[PDB]
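# Summary of the model geometry
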4 protein chains.
Amino acid sequence: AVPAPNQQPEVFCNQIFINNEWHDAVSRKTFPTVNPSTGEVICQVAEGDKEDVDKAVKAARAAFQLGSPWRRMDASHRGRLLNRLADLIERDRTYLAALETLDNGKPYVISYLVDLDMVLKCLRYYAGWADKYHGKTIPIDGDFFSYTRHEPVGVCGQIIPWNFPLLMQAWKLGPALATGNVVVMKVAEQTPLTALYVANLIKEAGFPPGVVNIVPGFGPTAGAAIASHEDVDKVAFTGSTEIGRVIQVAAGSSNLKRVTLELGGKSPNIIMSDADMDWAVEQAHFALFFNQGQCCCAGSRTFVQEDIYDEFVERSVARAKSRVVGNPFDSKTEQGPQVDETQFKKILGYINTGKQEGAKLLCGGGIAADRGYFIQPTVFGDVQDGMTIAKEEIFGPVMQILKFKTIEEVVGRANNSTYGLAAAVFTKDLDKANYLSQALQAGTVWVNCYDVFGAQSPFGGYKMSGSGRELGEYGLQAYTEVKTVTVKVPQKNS
Amino acid sequence: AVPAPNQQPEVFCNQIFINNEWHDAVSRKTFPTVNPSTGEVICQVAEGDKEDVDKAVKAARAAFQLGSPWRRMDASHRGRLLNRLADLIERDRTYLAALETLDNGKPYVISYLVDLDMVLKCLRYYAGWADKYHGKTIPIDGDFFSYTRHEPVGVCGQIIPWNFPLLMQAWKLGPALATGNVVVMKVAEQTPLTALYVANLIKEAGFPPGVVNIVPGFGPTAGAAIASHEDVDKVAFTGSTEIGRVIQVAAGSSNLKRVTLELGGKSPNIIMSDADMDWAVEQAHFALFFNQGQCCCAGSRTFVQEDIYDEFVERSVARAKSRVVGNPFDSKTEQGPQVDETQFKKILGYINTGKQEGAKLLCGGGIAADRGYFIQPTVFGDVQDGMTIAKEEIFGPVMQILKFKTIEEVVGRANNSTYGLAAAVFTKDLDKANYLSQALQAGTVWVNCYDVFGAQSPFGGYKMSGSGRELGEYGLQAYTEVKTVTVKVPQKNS
Amino acid sequence: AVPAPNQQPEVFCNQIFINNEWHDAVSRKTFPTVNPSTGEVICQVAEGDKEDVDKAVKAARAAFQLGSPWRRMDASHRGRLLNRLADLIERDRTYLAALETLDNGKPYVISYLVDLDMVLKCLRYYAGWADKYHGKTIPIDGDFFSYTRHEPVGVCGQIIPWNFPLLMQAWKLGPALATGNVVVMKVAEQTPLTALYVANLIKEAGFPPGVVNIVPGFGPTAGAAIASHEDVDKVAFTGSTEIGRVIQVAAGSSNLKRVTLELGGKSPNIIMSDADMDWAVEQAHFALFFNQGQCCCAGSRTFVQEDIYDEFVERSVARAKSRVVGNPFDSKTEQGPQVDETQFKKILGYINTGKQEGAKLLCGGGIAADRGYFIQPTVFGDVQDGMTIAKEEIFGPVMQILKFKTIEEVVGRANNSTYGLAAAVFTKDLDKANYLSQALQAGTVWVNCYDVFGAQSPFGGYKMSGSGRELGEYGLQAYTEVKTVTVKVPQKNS
Amino acid sequence: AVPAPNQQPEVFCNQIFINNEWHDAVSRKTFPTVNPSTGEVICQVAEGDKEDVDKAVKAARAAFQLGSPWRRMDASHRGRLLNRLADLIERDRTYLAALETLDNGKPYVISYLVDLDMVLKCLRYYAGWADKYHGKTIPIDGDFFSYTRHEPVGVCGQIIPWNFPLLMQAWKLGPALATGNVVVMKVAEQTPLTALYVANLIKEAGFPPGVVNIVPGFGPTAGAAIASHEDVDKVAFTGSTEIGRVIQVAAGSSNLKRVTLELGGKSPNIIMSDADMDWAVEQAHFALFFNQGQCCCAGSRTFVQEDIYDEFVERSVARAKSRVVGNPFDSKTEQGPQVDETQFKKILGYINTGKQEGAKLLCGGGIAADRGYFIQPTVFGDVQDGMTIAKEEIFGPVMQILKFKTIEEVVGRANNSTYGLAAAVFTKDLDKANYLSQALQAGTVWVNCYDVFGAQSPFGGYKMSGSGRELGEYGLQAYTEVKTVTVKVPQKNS
Ligand SMILES: CCCc1c(C)c2cc3c(C)c(C)oc3cc2oc1=O
Ligand SMILES: CCCc1c(C)c2cc3c(C)c(C)oc3cc2oc1=O
Ligand SMILES: CCCc1c(C)c2cc3c(C)c(C)oc3cc2oc1=O
Ligand code: NA
Ligand code: NA
Ligand code: NA
Ligand code: NA
């Protein structure tokens, strides 16, 4: 029961947002944002650079000064503002989903029913946290009263990616604002429009000026500016492992700002022979192909036990072959385009690599349309651990299927990676689920499901998939600076 | 690795313990404690009554005064004291286990390896909590700083049963002492000796006088005095459901003291047809027969899926027929005597009740030895929900085996009880484990195990099996009084 | 900014609310509710008795069945419903505030700006808790995985008093519903109407039928039936200490339901010689007289240090004499009538005891109008600890002012009471504040303020002022039943 | 009550500790460690470099393998090991205190009564946390059961400073081992010997081999190797702000290991005009001179309200003049030597700089003794914010005394710094202390006291003074990796 989209949604916001006001870049440069379903330019957007980030940080700092409206506001009132922001987003849901689909390429039905649903839920979840993150009173030795205050960390630099433009904005704003921080946010050049529209609702909701500032631009310029800024207290980055290291180096080279990273993965999806075949096939398909394959936690190594391999592979192929590729505003479409030309070409290179290193191509392998960045659902069978397509993050609709004999073997293979963002196990057996969920080196382990996210449950990487956790209570930790206050008292009693 | 016991351990402590001194009853009365293995008097113990409780409460109240050594002691030091106590009990481990067996009847090997081990673990666990149970600092609206102090509830009456004399003493002393309370402890007339020796160790560990006071005697007299006392702040009772009511009526009739209760149960042990047969037979046997059936959480309704029933019964009978009943100091003995004549006769009543109401007697059903309170391990087949042996807590070596068809049916029948202490589920299937553990109305659900206790995990009843929780962090809640302090400040900032 | 009241609000709801429908009593009997400003009947209300409680409990029990819409509903959606209810209340704010003043007597300006502000805040606060009250995963010994579920306690009987009818309704509904419980609510015969109207809003917000049921009626009939009901899992009562005993006895005599109580107090308000005089005089006035003195936590023993006594008394008298008694719908009115004839007579009774016992009547001391239950603001000086008005809860606009010299003296005098609901301290000295806030035996200690409530901060009694805490995270504890699940695993690793 | 020291204690441990075994450096090189009281060599110590770190990491990694004794051990038993370690350190307390004094120069009385005490308290505190740092069960939407496991982060590299060798070792081993990690620890070349002896006790206590590995050596070699290592999951460094940047940079350049840092300070100690003069003078003295000025949180900016400036200066000069410098083994000694020649000359440099830039030199100013590294207690007055000595960390017995007028001014001036480790306020006024403890940008704010540490209370920096916290529950956060497990279930109910 999805409302009919406007397939040519109008763009109202394409500038830099600072102090609840719209501005051009100081250079007056703009960049085009493109519709990946057509290859056509949608509009021009302000191209922020170091000097625009400088202005945004100054605006954030000012708003975070002791005595300011943002600092004096009751914590419960921060929750109200987040709940108001959610209501505005809900009022404008049809428009935002359409705009998300236009700029990013994901099917409108999914923008509406998944992304926007999850945005609303995430904001509403964190509105609740705003007055509930207690400090502690602490029974220290000797004649003293000691306690902790959980203070906001301060000016927070947030660099968000293009695969889930609205959801990620919500994942970062939720906890930051619940805890009384202020943000300078950098949106991805491939997908800036929805985040900018949401800035207009942030103003309408009544957040004071300078609390949220949004700088669209490029990574090497506006992103690096944030990571290296001397008055930014904390940086959160979501993107590639490679860029992650730049961020963390830049933090240590500048002011030792605090860092959390959500990086890549090559997540294992392990199907035991006693799994429910029909359910597992459908979920392995979803686990890989969701969002045109553009998910950090994609199930891009599907380990299948040897006794069910052939049937599993067969069913996986048939499902991949029926997957509808097309216009994302068409209700029948399961698969839209890749986000841009760079990704397009990058995925085709990996497909080529897979053919050439002797992975067996079971379907797809090519370009699915003459217009836009559409790639055919592709499945490789008999994939080996040493192959490049088994090791590196493809970020496309390319499925790898590997075969294994034993549970002890599959654990070592699944864990033999520098990535550990997610994993999954499919089995009816209690003991096997418990053994594997314990043994897997991943920040999230799904059992008999995949890509089950909830605002309540934390998410993040082991190893080089990242550091720190987003979502849940855990997502608050990185946005909080702890202060101990220890007071001499006449005589301590229990 | 169990050291050879003294089968006639000497008694050193048989008096009332108040302010680190030993007192006779004001009446000079004494009562005999009996060895249930022989029917013979071990020795005589001071019979505390109302006037001796009153003296205890006064001592306790004095040790609890503001400025007193106990109230001023660093939280961390209460933990040192709990740890020292544990060290003293470990030194005297062999003696305490022998004394427990003599007075209570359980096999020495179990007293040594289970009870005493858990005692040590419990006190060591709670020693660690002493300086970690934080209050909160709270982001209240307006120009205020609000926070909570977790203060001790005060004078705690604690009424400890005879089935696990040492371990229950530890379950109560642990959280009480770690949070800075003082205690007046009433120990069971059937099994007072071990608790009194432990008081000597409390003295030797260095606890200030009045912090722990112990008054042996009878229920209607000493127990009632504590429950009705106008200067006891809290009462903790473990016993029958019937006496539980007497305690809560007395609390409400006197000074609205806080009440926690650990009462009886008719805990269902559910065996699905896909369970591991041998493991489930040995665990169901343990579940019911452990401690001569004298566990509040005994698995006394063994529900078995109809397709495995004949076999499950056949094996359970064989195992029960082989259970060795005898002298609890003999290392080959699995089953000691019941704790006293009253229980002995109560169990024989229930056994005859079962035969009379059409349950099928598969083995046992009579008296095991000519002397002592020994009962043959007994198994009833074909038991129905409507029978009294399927409803009422028997508290003896009597196993009920019921038959069932579906998982929906068995949930309804398992939950159709006024008891809800514990339950268990035996299955290899992940979905059945999770469905049942969510649906069963029980404070503990064990999956593929039974009677697994840890100091870290709470334990307590649903419904009329009690209220409140022992063990874990949860065990501290009932021993804490929460004070909110809200202070006007010049200007609140986040 | 207060909208003009409707001084003759229409009454819509006056029946028993069960399964989202309106019912007459089975008996067809009704009782009058009176306007305490005029002494005249507002309307007839259905008079719930035992049979009506039995219907409500049945309906709640069915709504709590496993698999029902309320049990299956997402925790986050419970939060949404509460926020919905809050929105609907905000919509009808002006009305409900007027209706409260009509039936209860409190000034409309306070109904609007305080009572209804706090209702919204409470509900919004608890909406935030619905999906955040986590259980624990627990590092138990052995090859086991252990964790806790925080489940709803079940059918909750909630008896709410007449002094804050809407607010108390919120305080109890908030936590109960946030944690997934179902409710049978008994509202006060003096003030039933606002709670019945909110029932209609509960229906409009989309709460499933049976989740909230309201039975208006009398204490010894409807109240006693809930406290004694064999299928009510939990009872929460706010009212007199004496009736709290009836409740706690009823619980023990029936099914050992869980019990929390908010009872009376005789709360000390302590003014040091270094207090800011004007601030302390104005707050001490508020502390006693707020809500016509009908607060459980009223500052009804104003201890004042000898050096500032004369001046403090002079200023408190002037302020009391200026206090405007009258029509609660007139904006200049600070004090409306007491709630009914019984209280009215009882308060005059205490005033007379104070005059006869040799307390110094400084102002007021008689009736203030011929119609309704208006009483003169009354202040007694040179009060002694042994006088009746110093010992007993008056629940009227009657101030006692005691004199003290030392900080050691006043602690002992303040703590010399069977009550311990609240207390306060006014001082500019850090160490005095800390000394007194530690030493006072009260659930809430205000420093340089009074009657500062926040949904975030717990509130409740020491001693005979009650057991359990309402508000904050603490408020959830009594509405939660803890289940431990412990599962055998192949091999535990850290 | 301090035992007489052995003033020439024997050295037993001077090699690399890996797998519970003593090894020479692969290079066979050694470096001297010197007695800073005499300037003379105590012994030679194995000089670890990259190759030795590589071996330590490999042993740690092996010790951390799934299925290993350390991984399989009950969490509670980790606590037992820690408590055993503490008992061993308490057995060897007299020796360790003397050895600490030999190698580091702090007075033996302080080594025995403060450092070793605090070591014992820290280890015993963290022994309590080993089985109490629970993960969570989470009420996620839809038909799922979601929970978190708090797993160990893995191989932890710990780089510890020379100013508190034993204490810092305890601060890092405590939480690391409590939470099941394994460690590679680099001790400072100035003070390796006490940590090496402790390793011997770690073996004795029964920790499995590879759990703790200790590599003495130089920073640019061994330290850098740990920060750069591809298989080190986490690095904790305490030392200079400058070197902290090198560590962060190294972590980002290698494997994105997690990082916590405890760096420098220039902590303000603010004396209001209503402060207790004598207490304040003695505590300001303590704040600065404790441990020969060698504290990261030294109160090296003493801000003194103008009306009490001349009196406070006079009394602070007198007390500084009375400070006894000399042999640390002499019980009359308040102040031993600086740790080495480098620090010695560095402090002389800063002194000269304070003379040059117009600070008024009120006592001291030079070398107290050149046999060993002794400096005169030095006190500078009329210090301005812009002076080098008012900005840079001196780490020596040199006091800066500044003058201020208003509370608003001093906040601006105290916060105007790139450091934020600690702060203090001396006042009797409640409002001033509450205003200042909120407004100061520092990790710990002491009120009417200074250098009050408790293992229960977190410690760590704001701004460039560090990131993350040590001690308390918060100290566990950095040693935990969070895993979410989300499971599909048949039907979710509350
Ligand atoms: C209030 C609970 C009383 C009770 C305890 C303490 C208890 C302990 C253990 C231990 C330890 C094993 C192995 O089995 C038990 C059974 C048990 O049954 C019980 O009824
Ligand atoms: C069970 C407690 C009943 C009670 C409430 C709810 C109460 C609320 C408020 C508010 C709101 C202000 C400003 O003062 C109060 C006093 C109050 O005194 C009370 O006794
Ligand atoms: C990174 C923290 C280093 C540091 C410690 C550990 C420290 C401990 C104590 C104790 C214990 C007293 C009495 O004063 C101290 C000062 C201190 O100053 C310091 O800079
Ligand atoms: Na685009
Ligand atoms: Na006995
Ligand atoms: Na009325
Ligand atoms: Na040295």
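Residues numbered from 1 in each chain as written, not as in the entry; some residues may be left out. Chains lettered and ligands numbered in written order. Heavy atoms only, no water.

Structure determination for the deposited model, as stated in its record, used X-ray crystallography, and the stated resolution is 2.4000 Å.

### Here's the deal with the packing of aromatic side chains
Enumeration according to the criterion identifies 83 aromatic pairs over all chains in this entry. Taken together, a centroid distance of 6.3 Å and an interplanar angle of 65° make the contact between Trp129 of chain A and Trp129 of chain C edge-to-face. Here the residue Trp129 of chain A occupies a position in helix α5 (residues 108-129), and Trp129 of chain C occupies one in the loop between α5 (108-127) and β5 (135-138), the pair thus bridging two chains. For the pair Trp129 of chain A and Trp129 of chain C, a shared accessibility class is recorded, and that class is buried. Between the aromatic rings of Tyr108 of chain B and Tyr112 of chain B, the centroid separation amounts to 6.1 Å while the plane-to-plane angle is 50°, which identifies the pairing as tilted. Of the two residues, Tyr108 of chain B and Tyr112 of chain B are both situated in helix α5 (residues 108-127); the distance of 4 residues between them amounts to about one turn of the helix. A connected cluster of aromatic rings, assembled from ring pairs, spans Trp171, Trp446, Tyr450, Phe453 and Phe459 of chain A. (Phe/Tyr/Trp six-rings, centres within 6.5 Å; stacked < 30°, edge-to-face > 60°. Helix = DSSP H or I, 4+ residues; strand = E, 2+ residues; numbered from the N terminus. Buried < 20%, exposed > 50% of the residue type's maximum accessible area, 1.4 Å probe, protein only.)

### Describing the relation of the copies chain B and chain C
You can overlay chain B on chain C at an RMSD of 0.2 Å; the transform is a turn of 179° with a shift of 0.0 Å along its axis. What we have between these two chains is a two-fold relation. Rotation axis and chain B: the residue whose C-alpha lies nearest the axis is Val249 of chain B, separated from it by 2.3 Å. Comparing interface residues between copies, 97% of those in chain B also lie at the interface in chain C; the contact surface is shared. (Least-squares fit on C-alpha atoms. Contact = heavy atoms within 4.5 Å.)

### What about the site of ligand 2?
All names here are of chain C. Near ligand 2 there are 16 residues, and of these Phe290, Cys296, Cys297, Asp451 and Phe453 occur at the shortest range. One of the backbone nitrogen or oxygen atoms of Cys296 is found 2.8 Å away from an oxygen atom of ligand 2. Protein chains bury 96% of the 470 Å² of accessible surface belonging to ligand 2 in isolation. Elements with a contribution of two residues or more to the shell around ligand 2: α5 and α6 (165-178). When grouped by side-chain class, the residues that make up the shell around ligand 2 number 13 nonpolar, 1 polar and 2 charged. When residues are assigned to domains, the shell around ligand 2 turns out to be shared by domain 1 (2-264 + 455-494) and domain 2 (265-454), each giving three or more. (Near = heavy atom within 4 Å. Polar contact = N/O pair within 3.5 Å; in protein donor to acceptor, adjacent residues only side chain to side chain. Areas by Shrake-Rupley, 256 points an atom, 1.4 Å probe, with all protein chains shown as cover. Nonpolar A, V, L, I, M, F, W, Y, C, P; charged D, E, K, R; others polar. Domains from an automatic or database assignment.)

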